[PDB]
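**Student:** Got data13.cif for you, mmCIF, C-alpha atoms and all ligand atoms:
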```cif
data_start
loop_
_atom_site.label_atom_id
_atom_site.label_comp_id
_atom_site.auth_asym_id
_atom_site.auth_seq_id
_atom_site.Cartn_x
_atom_site.Cartn_y
_atom_site.Cartn_z
CA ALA A 1 -1.10 96.85 79.63
CA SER A 2 -4.30 96.73 81.77
CA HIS A 3 -5.64 97.73 78.33
CA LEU A 4 -4.97 96.99 74.69
CA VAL A 5 -4.78 99.81 72.10
CA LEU A 6 -6.97 99.98 69.06
CA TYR A 7 -5.52 101.05 65.71
CA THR A 8 -7.13 104.50 66.26
CA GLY A 9 -4.93 105.04 69.25
CA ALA A 10 -7.74 104.50 71.77
CA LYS A 11 -6.89 102.69 74.96
CA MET A 12 -9.37 99.93 75.39
CA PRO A 13 -9.56 98.60 79.00
CA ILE A 14 -8.78 94.91 79.09
CA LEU A 15 -11.50 93.88 81.59
CA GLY A 16 -15.08 95.02 81.24
CA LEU A 17 -18.46 94.35 82.71
CA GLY A 18 -20.81 92.33 80.50
CA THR A 19 -24.50 93.13 80.72
CA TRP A 20 -26.34 90.34 78.81
CA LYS A 21 -28.96 88.69 80.99
CA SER A 22 -28.34 91.47 83.54
CA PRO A 23 -31.94 92.30 84.55
CA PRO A 24 -32.99 96.02 84.46
CA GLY A 25 -33.58 96.43 88.22
CA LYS A 26 -30.14 94.85 88.95
CA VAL A 27 -27.92 96.30 86.23
CA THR A 28 -27.97 99.92 87.44
CA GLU A 29 -26.48 98.73 90.69
CA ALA A 30 -24.00 96.32 88.97
CA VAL A 31 -22.69 99.12 86.73
CA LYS A 32 -22.39 101.42 89.77
CA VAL A 33 -20.54 98.81 91.85
CA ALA A 34 -18.22 98.09 88.92
CA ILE A 35 -17.19 101.70 88.36
CA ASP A 36 -16.58 102.02 92.11
CA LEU A 37 -14.38 98.91 91.84
CA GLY A 38 -12.33 100.54 89.05
CA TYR A 39 -14.03 98.96 85.96
CA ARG A 40 -13.91 101.53 83.18
CA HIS A 41 -15.33 99.50 80.30
CA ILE A 42 -18.96 98.42 80.07
CA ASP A 43 -20.17 96.17 77.28
CA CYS A 44 -23.79 96.85 76.28
CA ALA A 45 -26.23 96.15 73.48
CA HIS A 46 -29.61 97.32 72.36
CA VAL A 47 -30.90 93.72 72.39
CA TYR A 48 -30.14 93.24 76.07
CA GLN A 49 -33.15 95.49 76.85
CA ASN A 50 -31.33 97.22 79.70
CA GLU A 51 -29.35 100.08 78.14
CA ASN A 52 -31.58 102.64 79.86
CA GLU A 53 -30.73 101.17 83.21
CA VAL A 54 -27.03 100.86 82.30
CA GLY A 55 -27.45 104.55 81.31
CA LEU A 56 -28.78 105.46 84.79
CA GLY A 57 -25.78 103.86 86.60
CA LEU A 58 -23.24 105.58 84.36
CA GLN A 59 -25.09 108.89 84.65
CA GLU A 60 -25.01 108.82 88.41
CA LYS A 61 -21.27 108.16 88.46
CA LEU A 62 -20.66 110.87 85.87
CA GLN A 63 -22.65 113.63 87.61
CA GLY A 64 -21.38 112.28 90.93
CA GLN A 65 -17.90 112.99 89.45
CA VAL A 66 -16.67 109.48 90.36
CA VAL A 67 -15.37 109.13 86.75
CA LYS A 68 -15.05 111.40 83.71
CA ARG A 69 -16.57 110.44 80.31
CA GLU A 70 -13.06 110.29 78.82
CA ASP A 71 -12.19 107.56 81.33
CA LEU A 72 -15.09 105.34 80.34
CA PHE A 73 -15.15 102.80 77.49
CA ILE A 74 -18.80 102.11 76.72
CA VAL A 75 -19.44 99.55 74.00
CA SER A 76 -22.81 98.92 72.43
CA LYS A 77 -24.01 96.86 69.47
CA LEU A 78 -26.24 97.36 66.40
CA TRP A 79 -28.86 94.58 66.45
CA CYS A 80 -29.74 92.34 63.48
CA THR A 81 -33.10 93.98 62.64
CA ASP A 82 -31.20 97.28 62.19
CA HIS A 83 -28.76 96.29 59.48
CA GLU A 84 -30.48 98.11 56.54
CA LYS A 85 -28.23 101.18 55.85
CA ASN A 86 -30.98 103.70 56.65
CA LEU A 87 -31.81 101.98 59.97
CA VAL A 88 -28.25 102.18 61.39
CA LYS A 89 -28.07 105.83 62.57
CA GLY A 90 -31.48 105.58 64.28
CA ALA A 91 -30.46 102.40 66.08
CA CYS A 92 -27.28 104.10 67.28
CA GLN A 93 -29.23 107.25 68.37
CA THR A 94 -31.72 105.20 70.45
CA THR A 95 -28.74 103.52 72.13
CA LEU A 96 -27.07 106.90 72.81
CA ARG A 97 -30.30 108.23 74.19
CA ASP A 98 -30.86 105.19 76.47
CA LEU A 99 -27.26 105.24 77.65
CA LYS A 100 -27.66 109.07 78.07
CA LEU A 101 -24.36 109.49 76.30
CA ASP A 102 -23.22 111.79 73.53
CA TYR A 103 -20.95 109.17 71.89
CA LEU A 104 -19.97 105.54 72.19
CA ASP A 105 -16.39 104.37 72.30
CA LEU A 106 -17.09 101.30 70.19
CA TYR A 107 -20.18 100.32 68.28
CA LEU A 108 -20.18 96.77 66.97
CA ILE A 109 -22.28 95.08 64.26
CA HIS A 110 -23.59 92.45 66.65
CA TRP A 111 -23.98 89.51 64.31
CA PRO A 112 -23.28 89.31 60.57
CA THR A 113 -26.87 88.15 60.18
CA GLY A 114 -29.40 90.88 59.33
CA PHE A 115 -32.98 89.96 60.18
CA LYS A 116 -36.22 91.36 58.89
CA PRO A 117 -36.63 94.83 60.42
CA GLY A 118 -39.28 95.46 62.99
CA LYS A 119 -39.74 95.46 66.74
CA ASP A 120 -39.34 91.72 67.17
CA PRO A 121 -35.57 91.15 67.65
CA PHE A 122 -35.89 87.62 66.14
CA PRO A 123 -38.66 87.62 63.42
CA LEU A 124 -39.47 83.91 63.10
CA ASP A 125 -41.21 82.15 60.21
CA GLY A 126 -43.68 79.20 60.49
CA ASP A 127 -40.74 76.74 60.51
CA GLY A 128 -39.18 78.63 63.49
CA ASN A 129 -36.25 79.89 61.35
CA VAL A 130 -35.35 83.58 61.73
CA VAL A 131 -36.39 85.73 58.72
CA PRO A 132 -33.49 87.37 56.82
CA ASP A 133 -33.56 90.76 55.13
CA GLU A 134 -32.27 92.31 51.94
CA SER A 135 -28.87 93.46 53.30
CA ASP A 136 -25.22 92.54 53.22
CA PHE A 137 -23.11 93.60 56.20
CA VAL A 138 -20.80 95.50 53.78
CA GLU A 139 -23.67 98.04 53.28
CA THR A 140 -24.33 98.11 57.07
CA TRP A 141 -20.61 98.80 57.50
CA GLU A 142 -20.89 101.82 55.16
CA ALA A 143 -23.54 103.24 57.45
CA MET A 144 -21.42 102.37 60.55
CA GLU A 145 -18.61 104.47 59.05
CA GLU A 146 -20.94 107.43 58.84
CA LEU A 147 -21.35 107.21 62.63
CA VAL A 148 -17.53 107.74 63.01
CA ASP A 149 -17.69 110.71 60.61
CA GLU A 150 -20.47 112.34 62.58
CA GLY A 151 -18.67 111.70 65.85
CA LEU A 152 -21.41 109.47 67.31
CA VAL A 153 -18.97 106.64 67.88
CA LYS A 154 -15.17 106.76 68.31
CA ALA A 155 -14.55 103.36 66.71
CA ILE A 156 -16.54 100.63 64.95
CA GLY A 157 -16.07 96.87 65.01
CA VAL A 158 -17.90 93.62 64.47
CA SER A 159 -18.90 90.71 66.63
CA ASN A 160 -19.19 87.02 65.70
CA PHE A 161 -17.68 87.55 62.27
CA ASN A 162 -15.72 84.68 60.78
CA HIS A 163 -12.39 85.55 59.13
CA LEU A 164 -13.94 85.55 55.65
CA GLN A 165 -16.61 88.03 56.72
CA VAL A 166 -13.92 90.35 58.19
CA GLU A 167 -12.06 89.96 54.86
CA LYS A 168 -15.09 91.04 52.85
CA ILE A 169 -15.06 94.31 54.85
CA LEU A 170 -11.25 94.71 54.58
CA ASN A 171 -11.38 94.23 50.83
CA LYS A 172 -14.34 96.63 50.47
CA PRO A 173 -13.92 99.16 47.62
CA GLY A 174 -13.85 102.57 49.27
CA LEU A 175 -13.28 101.28 52.82
CA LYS A 176 -12.97 104.24 55.18
CA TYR A 177 -12.47 102.46 58.56
CA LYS A 178 -11.53 98.88 59.41
CA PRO A 179 -13.13 96.83 62.22
CA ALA A 180 -11.18 97.89 65.28
CA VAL A 181 -12.57 94.92 67.31
CA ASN A 182 -14.05 91.48 66.66
CA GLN A 183 -15.89 90.42 69.79
CA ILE A 184 -16.19 86.61 69.68
CA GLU A 185 -16.89 83.72 72.03
CA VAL A 186 -13.62 82.58 73.65
CA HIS A 187 -13.10 80.23 76.66
CA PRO A 188 -11.10 76.84 77.22
CA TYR A 189 -13.74 74.83 75.36
CA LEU A 190 -13.51 77.22 72.32
CA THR A 191 -10.03 78.67 72.31
CA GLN A 192 -10.23 80.21 68.87
CA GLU A 193 -6.48 80.62 68.39
CA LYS A 194 -6.92 80.61 64.62
CA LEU A 195 -9.52 83.49 64.51
CA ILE A 196 -7.60 85.39 67.17
CA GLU A 197 -4.42 85.01 65.08
CA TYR A 198 -6.17 86.18 61.93
CA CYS A 199 -7.63 89.29 63.73
CA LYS A 200 -4.32 90.08 65.26
CA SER A 201 -2.55 89.80 61.85
CA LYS A 202 -4.99 92.38 60.60
CA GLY A 203 -4.59 94.65 63.70
CA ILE A 204 -8.13 94.06 65.01
CA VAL A 205 -8.39 93.66 68.81
CA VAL A 206 -10.32 90.62 70.04
CA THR A 207 -12.75 90.74 72.93
CA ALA A 208 -13.64 87.38 74.42
CA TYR A 209 -17.25 87.15 75.44
CA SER A 210 -18.55 84.46 77.77
CA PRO A 211 -15.16 83.75 79.53
CA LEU A 212 -17.03 81.60 82.10
CA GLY A 213 -19.00 79.73 79.45
CA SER A 214 -22.32 81.43 80.28
CA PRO A 215 -23.75 79.31 83.21
CA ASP A 216 -26.93 81.35 82.98
CA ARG A 217 -27.57 81.10 79.20
CA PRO A 218 -31.36 80.39 78.87
CA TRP A 219 -30.75 77.14 77.00
CA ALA A 220 -28.40 75.54 79.61
CA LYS A 221 -29.96 72.10 79.54
CA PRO A 222 -28.35 70.37 82.60
CA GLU A 223 -26.03 67.99 80.69
CA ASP A 224 -24.04 70.95 79.42
CA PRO A 225 -20.28 71.00 80.34
CA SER A 226 -19.75 73.63 83.04
CA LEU A 227 -16.41 75.45 82.95
CA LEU A 228 -16.87 76.73 86.51
CA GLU A 229 -17.61 73.28 87.87
CA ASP A 230 -14.86 71.72 85.69
CA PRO A 231 -12.59 69.90 88.19
CA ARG A 232 -9.54 70.55 85.99
CA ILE A 233 -9.81 74.36 86.04
CA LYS A 234 -10.75 74.14 89.73
CA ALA A 235 -7.39 72.37 90.32
CA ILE A 236 -5.29 74.92 88.41
CA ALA A 237 -7.30 77.60 90.32
CA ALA A 238 -6.33 75.92 93.57
CA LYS A 239 -2.61 76.24 92.65
CA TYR A 240 -3.08 80.00 92.72
CA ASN A 241 -5.65 80.19 95.56
CA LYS A 242 -7.93 81.96 93.17
CA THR A 243 -11.40 80.80 91.96
CA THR A 244 -12.20 78.96 88.66
CA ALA A 245 -13.76 82.28 87.59
CA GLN A 246 -10.66 84.42 88.29
CA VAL A 247 -8.53 81.88 86.38
CA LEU A 248 -10.90 81.77 83.40
CA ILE A 249 -10.77 85.58 83.27
CA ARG A 250 -6.97 85.73 83.53
CA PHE A 251 -6.62 83.30 80.62
CA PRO A 252 -7.88 85.65 77.69
CA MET A 253 -6.04 88.59 79.26
CA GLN A 254 -2.87 86.55 79.10
CA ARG A 255 -3.63 85.81 75.47
CA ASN A 256 -3.93 89.61 74.85
CA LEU A 257 -7.68 89.43 74.56
CA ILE A 258 -10.12 91.87 76.19
CA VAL A 259 -12.42 89.98 78.66
CA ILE A 260 -15.97 91.10 79.51
CA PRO A 261 -17.34 88.85 82.35
CA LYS A 262 -20.99 89.37 83.30
CA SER A 263 -22.12 89.64 86.87
CA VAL A 264 -24.87 91.43 88.62
CA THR A 265 -23.68 90.09 91.98
CA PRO A 266 -21.53 92.80 93.85
CA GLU A 267 -19.16 90.25 95.33
CA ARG A 268 -18.50 88.44 92.07
CA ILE A 269 -18.01 91.80 90.28
CA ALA A 270 -15.23 92.57 92.84
CA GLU A 271 -13.80 89.03 92.48
CA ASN A 272 -13.71 89.39 88.68
CA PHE A 273 -11.71 92.60 88.92
CA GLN A 274 -9.23 90.85 91.26
CA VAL A 275 -7.33 89.16 88.48
CA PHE A 276 -4.51 91.66 87.72
CA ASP A 277 -2.41 90.36 90.68
CA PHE A 278 -0.94 87.11 89.32
CA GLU A 279 0.08 85.44 86.00
CA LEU A 280 -0.69 81.84 84.99
CA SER A 281 2.45 79.82 84.48
CA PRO A 282 2.83 78.91 80.77
CA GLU A 283 2.20 75.17 81.36
CA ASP A 284 -1.20 76.00 82.85
CA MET A 285 -1.88 78.27 79.90
CA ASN A 286 -1.12 75.33 77.61
CA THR A 287 -3.37 73.04 79.73
CA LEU A 288 -6.34 75.38 79.35
CA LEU A 289 -5.77 75.85 75.62
CA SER A 290 -5.88 72.07 75.14
CA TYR A 291 -9.49 71.79 76.31
CA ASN A 292 -10.66 73.15 72.94
CA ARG A 293 -13.71 71.10 72.34
CA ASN A 294 -14.89 73.73 69.76
CA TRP A 295 -17.91 73.95 72.02
CA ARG A 296 -20.08 76.90 71.38
CA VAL A 297 -22.48 78.25 73.89
CA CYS A 298 -23.77 81.03 71.52
CA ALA A 299 -24.35 79.27 68.23
CA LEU A 300 -27.50 81.14 67.09
CA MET A 301 -28.75 77.87 65.63
CA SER A 302 -32.07 79.49 64.65
CA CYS A 303 -30.21 81.43 61.97
CA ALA A 304 -28.05 78.51 60.72
CA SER A 305 -29.51 78.73 57.22
CA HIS A 306 -28.93 82.47 56.94
CA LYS A 307 -26.61 83.31 54.04
CA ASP A 308 -24.32 85.14 56.46
CA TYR A 309 -24.42 82.69 59.30
CA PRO A 310 -20.80 82.81 60.56
CA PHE A 311 -20.24 79.40 62.08
CA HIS A 312 -20.25 76.94 59.20
CA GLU A 313 -16.75 78.17 58.39
CA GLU A 314 -13.72 76.78 60.27
CA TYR A 315 -12.99 80.20 61.74
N1 LIG B 401 -21.36 89.77 71.14
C1 LIG B 401 -22.16 88.74 71.38
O1 LIG B 401 -22.89 88.24 70.53
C2 LIG B 401 -22.21 88.26 72.84
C3 LIG B 401 -22.70 86.99 73.16
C4 LIG B 401 -22.70 86.52 74.48
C5 LIG B 401 -22.18 87.33 75.49
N2 LIG B 401 -21.67 88.60 75.18
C6 LIG B 401 -21.14 89.52 76.22
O2 LIG B 401 -20.24 88.82 77.10
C7 LIG B 401 -20.68 89.04 78.44
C8 LIG B 401 -20.29 87.85 79.29
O3 LIG B 401 -20.87 86.69 78.69
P1 LIG B 401 -22.19 85.99 79.29
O4 LIG B 401 -22.96 86.93 80.13
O5 LIG B 401 -22.87 85.36 78.14
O6 LIG B 401 -21.52 84.86 80.22
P2 LIG B 401 -20.34 84.72 81.32
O7 LIG B 401 -19.75 86.00 81.77
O8 LIG B 401 -19.43 83.67 80.80
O9 LIG B 401 -21.15 84.08 82.55
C9 LIG B 401 -21.99 84.88 83.38
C10 LIG B 401 -22.50 83.91 84.43
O10 LIG B 401 -21.41 83.55 85.29
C11 LIG B 401 -21.73 83.97 86.63
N3 LIG B 401 -20.52 84.52 87.27
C12 LIG B 401 -19.93 85.70 87.05
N4 LIG B 401 -18.90 85.90 87.87
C13 LIG B 401 -18.87 84.80 88.59
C14 LIG B 401 -17.96 84.53 89.60
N5 LIG B 401 -16.94 85.33 89.85
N6 LIG B 401 -18.12 83.35 90.24
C15 LIG B 401 -19.08 82.49 89.90
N7 LIG B 401 -19.94 82.75 88.92
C16 LIG B 401 -19.86 83.91 88.25
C17 LIG B 401 -22.85 84.99 86.54
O11 LIG B 401 -23.74 85.01 87.67
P3 LIG B 401 -24.29 86.39 88.31
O12 LIG B 401 -24.38 87.35 87.19
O13 LIG B 401 -25.60 86.02 88.88
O14 LIG B 401 -23.28 86.74 89.33
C18 LIG B 401 -23.58 84.44 85.33
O15 LIG B 401 -24.44 83.37 85.73
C19 LIG B 401 -22.18 89.24 78.29
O16 LIG B 401 -22.84 89.80 79.43
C20 LIG B 401 -22.22 90.14 77.08
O17 LIG B 401 -21.92 91.47 77.52
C21 LIG B 401 -21.70 89.06 73.85
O1 LIG B 402 -24.91 88.71 74.85
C1 LIG B 402 -25.44 88.26 73.85
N1 LIG B 402 -25.57 88.89 72.69
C2 LIG B 402 -26.20 88.11 71.81
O2 LIG B 402 -26.47 88.40 70.66
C3 LIG B 402 -26.53 86.78 72.45
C4 LIG B 402 -25.86 85.53 71.80
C5 LIG B 402 -26.84 84.77 70.88
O3 LIG B 402 -28.13 84.54 71.49
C6 LIG B 402 -28.76 85.60 72.14
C7 LIG B 402 -30.16 85.52 72.25
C8 LIG B 402 -30.87 86.59 72.83
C9 LIG B 402 -30.19 87.72 73.29
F1 LIG B 402 -30.86 88.73 73.84
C10 LIG B 402 -28.79 87.79 73.17
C11 LIG B 402 -28.05 86.71 72.59
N2 LIG B 402 -25.97 87.04 73.75
#
```
Kindly return the structure encoded in the file as structure tokens.
Ligand SMILES: NC(=O)c1ccc[n+]([C@@H]2O[C@H](COP(=O)([O-])OP(=O)(O)OC[C@H]3O[C@@H](n4cnc5c(N)ncnc54)[C@H](OP(=O)(O)O)[C@@H]3O)[C@@H](O)[C@H]2O)c1
Ligand SMILES: O=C1NC(=O)[C@@]2(CCOc3ccc(F)cc32)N1
**Tutor:**
Amino acid sequence: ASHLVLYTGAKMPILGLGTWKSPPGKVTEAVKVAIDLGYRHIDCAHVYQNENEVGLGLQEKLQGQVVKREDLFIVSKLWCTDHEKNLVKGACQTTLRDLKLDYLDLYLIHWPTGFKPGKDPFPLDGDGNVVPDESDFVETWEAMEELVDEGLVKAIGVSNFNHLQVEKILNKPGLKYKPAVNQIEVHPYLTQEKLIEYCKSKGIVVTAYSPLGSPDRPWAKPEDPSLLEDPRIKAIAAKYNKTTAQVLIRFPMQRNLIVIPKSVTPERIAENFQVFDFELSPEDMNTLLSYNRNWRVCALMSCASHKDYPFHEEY
């Protein structure tokens, strides 16, 4: 409904601006452009190293009265080095301070993997593996619930959790709040209909990250399948006189999934909002779904031996 509704009642805007890889000197302008274009949901994260600058763009629009705080859906994410129970409130408070916000609308446990605490976001050992920590995300979750109780965040969720990790939370003795969201990688080459179905049976909204398959991911070694340059999606795009991009964004929306496409380019931010004006005919929907190569762009391979690494499971 141009939004999905979380089990709390909160209306979560269906399209949002993604800010990973959005450089600090560009993201304040991208956020500003986006809110002027009507975007009311911004997806952020401590680890993106730009929440201050996202904060500046929001601030300007808020004091410039272009939007009200109640009309904004700001998401941020607890990073892996901050999973120890006692580190969770501090990590949320830094994020609130950098975003210059009194509360978040959604705070997600970014990855199920907790890493050794410290300033390095990926503590690596001599073998190049990331160093784990003494925590289970069930304890992290208990601290995340405290943020709801104190009013720092309006809802809590998870990101990159496999269905068995969500289950461990749902079956937690003394559970106060469920994940309201599971933000996971979704796009034609990783359609995820089984995890989506599981989250939906549990009443957990799904946000699809990397709808365009992350062309700019640092590790895009040239012989990587490009969804935007994929002749097939370009053809179905042609049928609508829309771009590959607009089609790839319409797809998760049509599957009742929140999309958060990233762009620091003003023109492409406008383009990406110009998707609510058509519907993909069900055949085309089925075409796109069939491309499921189970191809993951964000596999976090460096953490593959972590006890809580999410991707060895089917879904
Ligand atoms: N929770 C997680 O662990 C996680 C993981 C990955 C991503 N995410 C979230 O999902 C967001 C989106 O994913 P992503 O940034 O990884 O990748 P993405 O949105 O799939 O791809 C962004 C790339 O596509 C380009 N692009 C955007 N709009 C375009 C358009 N209309 N036409 C042509 N090219 C276009 C961007 O270029 P320009 O920006 O230069 O225009 C950029 O190179 C992230 O920013 C982040 O907020 C979350
Ligand atoms: O937007 C993103 N959030 C993330 O956790 C991820 C996916 C996995 O890999 C990395 C690596 C570095 C980073 F800053 C971020 C990421 N991308």
**Student:** One number please: CA of residue 160 in chain A to CA of residue 310 in chain A, in Å, one decimal.
**Tutor:**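 CA of residue 310 in chain A lies at a distance of 6.8 Å from CA of residue 160 in chain A.
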**Student:** CA of residue 175 in chain A and CA of residue 154 in chain A, how far apart in Å?
**Tutor:**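 Computing it gives 16.5 Å between the two atoms.
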**Student:** Rank A:215, A:16, A:151, A:123 by their smallest atom-to-atom distance to ligand LIG 401 (chain B), using all atoms listed in the file, and report the top residue only.
**Tutor:**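 Between A:215, A:16, A:151, A:123, the residue approaching ligand LIG 401 (chain B) most closely is A:215.
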**Student:** For each of A:86, A:298, A:39, A:278, take the minimum atom-to-atom distance to residue 67 in chain A, counting only C-alpha atoms, then give the residue where this is smallest.
**Tutor:**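 The closest residue to residue 67 in chain A is A:39.
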**Student:** Please, which residues have at least one atom within 8 Å of an atom of ligand LIG 402 (chain B), using all atoms listed in the file, listed as a ChimeraX atom specification?
**Tutor:** /A:18-21,45,47-49,79,110-111,209,298-300
**Student:** Which of these, A:91, A:196, A:260, A:280, has the shortest distance to ligand LIG 401 (chain B) once you count only C-alpha atoms and all ligand atoms?
**Tutor:** A:260
**Student:** Tell me, in Å to one decimal, how far atom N3 of ligand LIG 401 (chain B) is from CA of residue 272 in chain A.
**Tutor:**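 One can read the atom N3 of ligand LIG 401 (chain B) to CA of residue 272 in chain A distance as 8.5 Å.
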**Student:** From the options A:1, A:301, A:253, A:27, which residue's atoms come nearest to residue 52 in chain A, counting only C-alpha atoms?
**Tutor:** A:27
**Student:** Taking 6 positions as the minimum chain separation for residues in the same chain, which residues sit within 7 Å of residue 30 in chain A when counting all atoms listed in the file? Answer as a compact mmCIF listing (two decimals) with C-alpha atoms, keeping the file's coordinate frame.
**Tutor:**
```txt
# COMPACT_ATOMS: atom_id res chain seq x y z
CA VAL A 264 -24.87 91.43 88.62
CA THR A 265 -23.68 90.09 91.98
CA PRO A 266 -21.53 92.80 93.85
```
**Student:** Would you please take range 170-187 of chain A of the structure in the block above and write N, CA and C atoms to a file as a short mmCIF file (atom, residue, chain, number, x, y, z; two decimals), in the first residue's frame?
**Tutor:**
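What follows is the written file out23.cif:
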```
data_model
loop_
_atom_site.label_atom_id
_atom_site.label_comp_id
_atom_site.auth_asym_id
_atom_site.auth_seq_id
_atom_site.Cartn_x
_atom_site.Cartn_y
_atom_site.Cartn_z
N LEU A 170 12.30 -16.42 18.20
CA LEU A 170 10.88 -16.65 18.42
C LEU A 170 10.59 -17.65 19.53
N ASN A 171 11.46 -18.62 19.71
CA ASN A 171 11.27 -19.60 20.75
C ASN A 171 12.04 -19.22 22.01
N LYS A 172 12.45 -17.96 22.15
CA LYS A 172 13.25 -17.53 23.29
C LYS A 172 12.39 -17.47 24.54
N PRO A 173 12.75 -18.15 25.63
CA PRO A 173 12.07 -18.01 26.91
C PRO A 173 12.07 -16.56 27.38
N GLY A 174 10.89 -15.99 27.57
CA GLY A 174 10.80 -14.62 28.05
C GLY A 174 10.89 -13.62 26.90
N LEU A 175 10.58 -14.02 25.66
CA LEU A 175 10.62 -13.09 24.55
C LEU A 175 9.64 -11.93 24.78
N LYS A 176 10.14 -10.69 24.73
CA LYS A 176 9.26 -9.55 24.82
C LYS A 176 8.82 -9.11 23.43
N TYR A 177 9.71 -8.95 22.45
CA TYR A 177 9.31 -8.43 21.13
C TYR A 177 9.90 -9.32 20.07
N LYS A 178 9.16 -9.56 19.00
CA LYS A 178 9.62 -10.41 17.90
C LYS A 178 10.44 -9.53 16.96
N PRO A 179 11.29 -10.07 16.08
CA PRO A 179 11.75 -9.34 14.90
C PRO A 179 10.53 -8.85 14.14
N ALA A 180 10.53 -7.56 13.85
CA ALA A 180 9.48 -6.97 13.04
C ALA A 180 9.86 -7.01 11.56
N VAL A 181 11.16 -7.14 11.27
CA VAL A 181 11.75 -7.11 9.92
C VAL A 181 12.89 -8.11 9.85
N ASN A 182 13.14 -8.66 8.66
CA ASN A 182 14.32 -9.45 8.38
C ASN A 182 14.74 -8.83 7.07
N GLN A 183 15.83 -8.07 7.10
CA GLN A 183 16.33 -7.45 5.88
C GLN A 183 17.32 -8.43 5.26
N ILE A 184 17.07 -8.92 4.06
CA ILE A 184 17.90 -9.95 3.46
C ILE A 184 18.14 -9.58 2.01
N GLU A 185 19.12 -10.22 1.39
CA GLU A 185 19.49 -9.99 0.01
C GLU A 185 18.44 -10.61 -0.90
N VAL A 186 17.76 -9.85 -1.75
CA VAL A 186 16.76 -10.41 -2.64
C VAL A 186 16.95 -9.73 -3.98
N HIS A 187 16.89 -10.47 -5.09
CA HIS A 187 16.99 -9.95 -6.45
C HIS A 187 16.76 -11.12 -7.41
#
```
